[PDB]
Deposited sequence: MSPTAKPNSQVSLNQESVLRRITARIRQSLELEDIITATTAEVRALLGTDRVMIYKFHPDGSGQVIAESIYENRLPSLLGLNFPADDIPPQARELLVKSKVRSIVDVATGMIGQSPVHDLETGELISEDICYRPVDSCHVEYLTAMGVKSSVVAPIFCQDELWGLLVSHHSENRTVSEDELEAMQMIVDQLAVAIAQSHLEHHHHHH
């Protein structure tokens, strides 16, 4: 009755089989991910070659947060130091605005203070909880799966696993789409 990661995964696979445009698979998927995670705003963020990115998919619950769909963000938003952790360690990050702490899990979770710049960035958006897992296409960092919530909350390892399954599945989605649209 309540969705689980296995079924969300089954549907992404089904959409691959239909040879939907990658942008369509991602849009459809995002809605389900939000329902599964239960957070207020789930987004999928795709990187541009120069390091900047764009929100290409987004599912918000009852307008509890503003919509950033279609918007572009500069590369300075993610420092070299931060990006390196995404590329090399494939790190999942959890920011907790209330405590000013960030916990990172590479692929236990150790929490350390988060840079005040980043927390202000999140606060400006009206976010109190942020979870980010990187999406890849082979060895290429392709984007981010972003989960935002307007209120403070604890994040279990269960939730990190669910997110990892989804970004792992999207990698298959992306890689397959490239192969089918090979000239």
What ranges of the deposited sequence are left out of this structure? 1-10, 118-128, 205-207
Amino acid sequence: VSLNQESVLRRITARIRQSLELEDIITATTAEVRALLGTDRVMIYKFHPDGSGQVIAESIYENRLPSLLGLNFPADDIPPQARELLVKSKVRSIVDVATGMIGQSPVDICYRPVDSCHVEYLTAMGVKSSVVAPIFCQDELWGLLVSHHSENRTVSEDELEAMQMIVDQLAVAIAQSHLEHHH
From here on, numbers count along this sequence of modelled residues.
Got a sec? Mean C-alpha B-factor, which is higher, 28-36 or 46-54? 46-54
Mean Cα B-factor check, 127-135 vs 59-67, entry values; winner is 59-67
Can you work out whether the C-alpha temperature factor of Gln104 puts it in the lowest, middle or highest third of the chain? middle
Among the chain's modelled residues, which third holds the C-alpha B-factor of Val155? middle
Among the modelled residues of its chain, does the C-alpha B-factor of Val97 lie in the lowest, middle or highest third? lowest
Binned into thirds over the chain's modelled residues, the C-alpha B-factor of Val119 lands in the middle
